[PDB]
Amino acid sequence: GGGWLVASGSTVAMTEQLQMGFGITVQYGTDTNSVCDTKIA
Amino acid sequence: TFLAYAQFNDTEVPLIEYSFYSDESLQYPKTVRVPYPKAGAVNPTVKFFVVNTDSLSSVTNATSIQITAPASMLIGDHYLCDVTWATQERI
Amino acid sequence: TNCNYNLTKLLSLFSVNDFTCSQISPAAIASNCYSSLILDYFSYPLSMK
């Protein structure tokens, strides 16, 4: 690319308990919804 | 409403040292040490913050938002040379 | 990809503080059937909700 990459980072003091984050993405369709039909059993 | 502040870091800045003799009764002279960069030496670094003083609280350590220098500065040694407020909410 | 899931399995284990969705509701996100399921996790402060 020819220049520089630059970044900066910030912090937050750790809490006593520990707090977390969870992101979810679900995908439906198109004929295979198998998290709750082409299985043998 | 806001209080903007700078933070300087002299960690790697060389010390100048010199004697202070003081009053005739001080038996051993005091050696004064000052971080002082000479031409070419390692410089202090600077970071910039703003705190909202209206939302302070004793329940909670204040939150200082760090405002980061432009990219053209980040690539090498720089200084913060001016701080001017434009409006109640512009800096 | 191909399995099934609880919330007894991994959500009563935590103290849930906030729960937001888009084009779905949390109730649904617990109920429904999916072709695919993605779970990203990280450390993160409530202070930056």
# chains A, B, ... in the order shown; residues from 1 in each chain; ligands from 1
>>> select_by_dssp(residues="chain B", states="strand (DSSP E)", output="count of residues only")
32
>>> closest_atom_pairs(of="chain A", to="chain C", cutoff="8 Å", atoms="only C-alpha atoms", output="Markdown table")
| residue | atom | partner | partner_atom | distance |
| --- | --- | --- | --- | --- |
| A:12 | CA | C:45 | CA | 7.5 |
| A:15 | CA | C:45 | CA | 7.8 |
| A:18 | CA | C:43 | CA | 7.6 |
| A:19 | CA | C:45 | CA | 5.4 |
| A:20 | CA | C:43 | CA | 4.4 |
| A:21 | CA | C:42 | CA | 5.3 |
| A:22 | CA | C:41 | CA | 4.5 |
| A:23 | CA | C:40 | CA | 4.9 |
| A:24 | CA | C:39 | CA | 4.9 |
| A:25 | CA | C:38 | CA | 4.9 |
| A:26 | CA | C:37 | CA | 4.9 |
| A:27 | CA | C:36 | CA | 5.0 |
| A:28 | CA | C:34 | CA | 4.9 |
| A:29 | CA | C:35 | CA | 6.1 |
| A:30 | CA | C:35 | CA | 7.7 |
| A:32 | CA | C:35 | CA | 5.5 |
| A:33 | CA | C:35 | CA | 4.0 |
| A:34 | CA | C:2 | CA | 5.3 |
| A:35 | CA | C:4 | CA | 5.0 |
| A:36 | CA | C:33 | CA | 4.6 |
>>> write_last_selection(atoms="N, CA and C atoms", output="PDB file, in the first residue's frame")
ATOM      1  N   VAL A  12     -10.059  -0.291  30.133  1.00  0.00           N
ATOM      2  CA  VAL A  12     -10.950  -0.030  31.248  1.00  0.00           C
ATOM      3  C   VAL A  12     -10.494  -0.930  32.398  1.00  0.00           C
ATOM      4  N   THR A  15     -13.008  -5.216  36.480  1.00  0.00           N
ATOM      5  CA  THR A  15     -14.010  -5.210  37.534  1.00  0.00           C
ATOM      6  C   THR A  15     -13.804  -6.438  38.398  1.00  0.00           C
ATOM      7  N   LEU A  18     -15.867  -9.757  36.657  1.00  0.00           N
ATOM      8  CA  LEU A  18     -15.590 -10.055  35.235  1.00  0.00           C
ATOM      9  C   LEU A  18     -16.852 -10.048  34.402  1.00  0.00           C
ATOM     10  N   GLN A  19     -16.906  -9.090  33.477  1.00  0.00           N
ATOM     11  CA  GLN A  19     -18.056  -8.900  32.618  1.00  0.00           C
ATOM     12  C   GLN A  19     -17.682  -9.299  31.193  1.00  0.00           C
ATOM     13  N   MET A  20     -18.604  -9.986  30.519  1.00  0.00           N
ATOM     14  CA  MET A  20     -18.350 -10.545  29.194  1.00  0.00           C
ATOM     15  C   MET A  20     -19.388 -10.104  28.178  1.00  0.00           C
ATOM     16  N   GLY A  21     -19.073 -10.337  26.908  1.00  0.00           N
ATOM     17  CA  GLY A  21     -19.969 -10.021  25.814  1.00  0.00           C
ATOM     18  C   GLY A  21     -20.094 -11.202  24.866  1.00  0.00           C
ATOM     19  N   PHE A  22     -21.329 -11.465  24.430  1.00  0.00           N
ATOM     20  CA  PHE A  22     -21.653 -12.556  23.503  1.00  0.00           C
ATOM     21  C   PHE A  22     -22.454 -12.055  22.315  1.00  0.00           C
ATOM     22  N   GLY A  23     -21.926 -12.212  21.107  1.00  0.00           N
ATOM     23  CA  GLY A  23     -22.666 -11.859  19.908  1.00  0.00           C
ATOM     24  C   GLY A  23     -23.182 -13.080  19.164  1.00  0.00           C
ATOM     25  N   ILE A  24     -24.466 -13.087  18.816  1.00  0.00           N
ATOM     26  CA  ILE A  24     -25.033 -14.227  18.101  1.00  0.00           C
ATOM     27  C   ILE A  24     -25.513 -13.876  16.692  1.00  0.00           C
ATOM     28  N   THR A  25     -25.243 -14.767  15.738  1.00  0.00           N
ATOM     29  CA  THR A  25     -25.793 -14.650  14.390  1.00  0.00           C
ATOM     30  C   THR A  25     -26.408 -15.972  13.949  1.00  0.00           C
ATOM     31  N   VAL A  26     -27.710 -15.958  13.695  1.00  0.00           N
ATOM     32  CA  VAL A  26     -28.395 -17.149  13.211  1.00  0.00           C
ATOM     33  C   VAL A  26     -28.714 -17.032  11.729  1.00  0.00           C
ATOM     34  N   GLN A  27     -28.560 -18.142  11.016  1.00  0.00           N
ATOM     35  CA  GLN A  27     -28.869 -18.231   9.594  1.00  0.00           C
ATOM     36  C   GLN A  27     -30.000 -19.232   9.378  1.00  0.00           C
ATOM     37  N   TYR A  28     -31.123 -18.805   8.807  1.00  0.00           N
ATOM     38  CA  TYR A  28     -32.228 -19.739   8.517  1.00  0.00           C
ATOM     39  C   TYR A  28     -32.120 -20.402   7.137  1.00  0.00           C
ATOM     40  N   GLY A  29     -33.192 -21.089   6.735  1.00  0.00           N
ATOM     41  CA  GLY A  29     -33.293 -21.712   5.419  1.00  0.00           C
ATOM     42  C   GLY A  29     -32.168 -22.692   5.132  1.00  0.00           C
ATOM     43  N   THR A  30     -32.037 -23.155   3.890  1.00  0.00           N
ATOM     44  CA  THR A  30     -33.041 -22.951   2.844  1.00  0.00           C
ATOM     45  C   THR A  30     -33.951 -24.200   2.771  1.00  0.00           C
ATOM     46  N   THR A  32     -32.551 -26.844   5.418  1.00  0.00           N
ATOM     47  CA  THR A  32     -31.580 -27.599   6.230  1.00  0.00           C
ATOM     48  C   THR A  32     -31.461 -27.164   7.701  1.00  0.00           C
ATOM     49  N   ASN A  33     -32.542 -26.612   8.259  1.00  0.00           N
ATOM     50  CA  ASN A  33     -32.577 -26.144   9.654  1.00  0.00           C
ATOM     51  C   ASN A  33     -32.285 -27.233  10.690  1.00  0.00           C
ATOM     52  N   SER A  34     -31.009 -27.536  10.909  1.00  0.00           N
ATOM     53  CA  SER A  34     -30.629 -28.639  11.796  1.00  0.00           C
ATOM     54  C   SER A  34     -29.915 -28.214  13.103  1.00  0.00           C
ATOM     55  N   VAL A  35     -30.435 -27.174  13.753  1.00  0.00           N
ATOM     56  CA  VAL A  35     -29.963 -26.709  15.062  1.00  0.00           C
ATOM     57  C   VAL A  35     -31.205 -26.275  15.850  1.00  0.00           C
ATOM     58  N   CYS A  36     -31.578 -27.013  16.904  1.00  0.00           N
ATOM     59  CA  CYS A  36     -32.932 -26.849  17.458  1.00  0.00           C
ATOM     60  C   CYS A  36     -33.105 -26.710  18.978  1.00  0.00           C
TER      61      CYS A  36
END
>>> interface_residues(of="chain B", to="chain C", cutoff="12 Å", atoms="only C-alpha atoms", output="PyMOL selection string")
chain B and resi 60-63+65
>>> write_last_selection(atoms="N, CA, C and O atoms", output="PDB file, in the first residue's frame")
ATOM      1  N   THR B  60     -18.065   5.692  41.818  1.00  0.00           N
ATOM      2  CA  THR B  60     -17.408   5.252  40.591  1.00  0.00           C
ATOM      3  C   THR B  60     -16.229   6.111  40.138  1.00  0.00           C
ATOM      4  O   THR B  60     -16.348   7.339  40.035  1.00  0.00           O
ATOM      5  N   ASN B  61     -15.095   5.460  39.871  1.00  0.00           N
ATOM      6  CA  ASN B  61     -13.933   6.155  39.343  1.00  0.00           C
ATOM      7  C   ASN B  61     -14.365   6.865  38.063  1.00  0.00           C
ATOM      8  O   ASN B  61     -15.084   6.298  37.245  1.00  0.00           O
ATOM      9  N   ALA B  62     -13.961   8.129  37.928  1.00  0.00           N
ATOM     10  CA  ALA B  62     -14.292   8.939  36.764  1.00  0.00           C
ATOM     11  C   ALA B  62     -13.834   8.284  35.475  1.00  0.00           C
ATOM     12  O   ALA B  62     -12.875   7.540  35.447  1.00  0.00           O
ATOM     13  N   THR B  63     -14.530   8.558  34.395  1.00  0.00           N
ATOM     14  CA  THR B  63     -14.102   8.046  33.113  1.00  0.00           C
ATOM     15  C   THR B  63     -13.478   9.170  32.303  1.00  0.00           C
ATOM     16  O   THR B  63     -14.150  10.149  31.969  1.00  0.00           O
ATOM     17  N   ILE B  65     -12.154  10.164  28.787  1.00  0.00           N
ATOM     18  CA  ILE B  65     -12.058   9.729  27.403  1.00  0.00           C
ATOM     19  C   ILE B  65     -10.736  10.194  26.775  1.00  0.00           C
ATOM     20  O   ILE B  65     -10.415  11.389  26.801  1.00  0.00           O
TER      21      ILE B  65
END
>>> interface_residues(of="chain B", to="chain A", cutoff="10 Å", atoms="only C-alpha atoms", output="list in words")
residues 61, 63, 65, 66, 68, 69, 70, 71, 72, 73, 74 and 75 of chain B
>>> write_last_selection(atoms="N, CA and C atoms", output="mmCIF file, in the first residue's frame")
data_model
loop_
_atom_site.group_PDB
_atom_site.id
_atom_site.type_symbol
_atom_site.label_atom_id
_atom_site.label_comp_id
_atom_site.auth_asym_id
_atom_site.auth_seq_id
_atom_site.Cartn_x
_atom_site.Cartn_y
_atom_site.Cartn_z
ATOM 1 N N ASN B 61 -15.095 5.460 39.871
ATOM 2 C CA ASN B 61 -13.933 6.155 39.343
ATOM 3 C C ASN B 61 -14.365 6.865 38.063
ATOM 4 N N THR B 63 -14.530 8.558 34.395
ATOM 5 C CA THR B 63 -14.102 8.046 33.113
ATOM 6 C C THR B 63 -13.478 9.170 32.303
ATOM 7 N N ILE B 65 -12.154 10.164 28.787
ATOM 8 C CA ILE B 65 -12.058 9.729 27.403
ATOM 9 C C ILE B 65 -10.736 10.194 26.775
ATOM 10 N N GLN B 66 -9.951 9.256 26.245
ATOM 11 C CA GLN B 66 -8.695 9.635 25.614
ATOM 12 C C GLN B 66 -8.968 10.063 24.194
ATOM 13 N N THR B 68 -7.109 10.770 20.733
ATOM 14 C CA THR B 68 -5.848 10.269 20.212
ATOM 15 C C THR B 68 -5.300 11.170 19.108
ATOM 16 N N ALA B 69 -3.979 11.283 19.007
ATOM 17 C CA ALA B 69 -3.378 12.214 18.044
ATOM 18 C C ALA B 69 -3.596 11.762 16.601
ATOM 19 N N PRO B 70 -3.488 12.686 15.638
ATOM 20 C CA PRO B 70 -3.665 12.259 14.248
ATOM 21 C C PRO B 70 -2.613 11.269 13.749
ATOM 22 N N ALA B 71 -2.983 10.530 12.710
ATOM 23 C CA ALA B 71 -2.111 9.492 12.187
ATOM 24 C C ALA B 71 -0.781 10.056 11.729
ATOM 25 N N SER B 72 -0.771 11.246 11.138
ATOM 26 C CA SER B 72 0.485 11.827 10.682
ATOM 27 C C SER B 72 1.451 12.122 11.844
ATOM 28 N N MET B 73 0.933 12.117 13.072
ATOM 29 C CA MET B 73 1.767 12.314 14.248
ATOM 30 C C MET B 73 2.200 10.983 14.827
ATOM 31 N N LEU B 74 1.289 10.021 14.837
ATOM 32 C CA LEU B 74 1.596 8.728 15.446
ATOM 33 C C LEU B 74 2.826 7.978 14.890
ATOM 34 N N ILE B 75 3.202 8.255 13.648
ATOM 35 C CA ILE B 75 4.299 7.515 13.027
ATOM 36 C C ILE B 75 5.711 7.803 13.579
#
>>> atom_distance(atom1="atom CA of residue B:47", atom2="atom CA of residue B:87")
21.9 Å
>>> residues_around(residues="residue B:67", least_positions_apart="3", cutoff="9 Å", atoms="only C-alpha atoms", output="VMD selection string")
chain B and resid 47 to 50
>>> residues_around(residues="stretch 1-12 of chain B", least_positions_apart="3", cutoff="12 Å", atoms="only C-alpha atoms", output="MDAnalysis selection string")
chainID B and resid 15 34:37 41:56 62:69 79:85 87:91
>>> atom_distance(atom1="atom CA of residue A:37", atom2="atom CA of residue C:11")
27.4 Å
